[PDB]
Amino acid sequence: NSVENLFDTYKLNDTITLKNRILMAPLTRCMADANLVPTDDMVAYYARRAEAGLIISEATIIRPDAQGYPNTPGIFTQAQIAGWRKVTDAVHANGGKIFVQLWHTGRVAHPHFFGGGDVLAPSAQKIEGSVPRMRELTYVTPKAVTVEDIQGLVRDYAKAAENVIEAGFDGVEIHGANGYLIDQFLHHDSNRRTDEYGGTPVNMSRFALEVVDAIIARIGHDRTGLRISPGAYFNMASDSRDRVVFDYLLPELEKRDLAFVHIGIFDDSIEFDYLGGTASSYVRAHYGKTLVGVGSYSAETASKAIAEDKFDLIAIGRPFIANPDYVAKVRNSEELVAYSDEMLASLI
């Protein structure tokens, strides 16, 4: 089956044209240094994947209380900016483009990482268990943020975006997906607020739009994308009312003319009854601009989906871990190395 359309050039907007439709999905590797600064190993890892139309970086924290896993990079200190500059220079020298994925974990943060402070979330809705590979770090009940806390978070997302431009990135993907802070406001399970950030679709969408709008004001809409998870699957329980939240959010997002919206899902064959089907097909039916699909696609099934007008670009995750030369191999009809979790131990 054909993969020809994956090698079409794709104009995102006047600012950015991608050399092909293949994106490297954001992939947390937990290999930044103790100061959360990218390393030379990380520089080389991203550089060798610059055949992608666009790389989305691993989730990168906007400030200290965003941290929930060990050694995830940040971009709030000057040293972190300098480390990322090495990454972006290498990607560009290798002919690529790269966006940072800006991250706050919300209720999934853990105070071990930031000196014992409050975990912040829309509501005091604790998650169960402990940080992966650190069982001693039991999750805690979040403090429900105040409006002033929210404005501080919005400011820090925007400042992080400014830092991203300083570090030489082509843009930002806002992590509004997969159960983390922005997604926590967008679902009823996690957002039990009764103020202007809870209840109705406009209120539950407010935080996401404030973050989007604050970042656009600093770096521009052409360099701003957003990942979303209308279908709850990762650290999030669904609620049928979540449907009307996203029915409102999507047309509002379209007004901002973002570089792209990106689905957050792992296996996109999964359907959500309240969305009337798959996460990607729900978004496609209710959003009319560039859409990045993802989640257990091969080059072949992604190409078919794009030919079927299901989405516009394909993000590839696990196969990009196993194949730095994913794009070259797909282009030249070469067979791919199978992904295995054991490969997570090395940054190649």
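Heads up: residue numbers just count along the shown sequence, starting at 1. Throughout, rigid core stands for the largest set of C-alpha atoms superposing within 1.5 Å between the two forms.
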Following superposition on the rigid core, is the mean squared CA displacement, expressed as RMS, greater for 128 to 136 or for 184 to 192 in 6 other deposited structures of this protein?
-> 128 to 136
Between 204 to 212 and 268 to 276, the one whose CA atoms sit farther away in 6 other deposited structures of this protein (rigid core aligned) | 268 to 276
Mean temperature factor over C-alpha atoms, higher-scoring stretch between 199 to 207 and 109 to 117 = 109 to 117
Mean C-alpha B factor from the entry: is it higher for 56 to 64 or for 296 to 304?
-> 296 to 304
Which of these has the highest Cα B-factor in the record: 167, 232, 215, 153?
-> 232
Could you check 80, 125, 163, 101 and tell me which one carries the biggest Cα B-factor in the deposited entry?
-> 125
Here the Cα B-factor of residue 283, set against its chain, lands in the third termed middle
Residue 330: which third of its chain by C-alpha temperature factor?
-> middle
By its CA B factor, does residue 226 count among the lowest, middle or highest third of the modelled residues in the chain?
-> lowest
Lowest, middle or highest third - CA B-factor, residue 186 = lowest
Residue 12: which third of its chain by C-alpha temperature factor?
-> middle
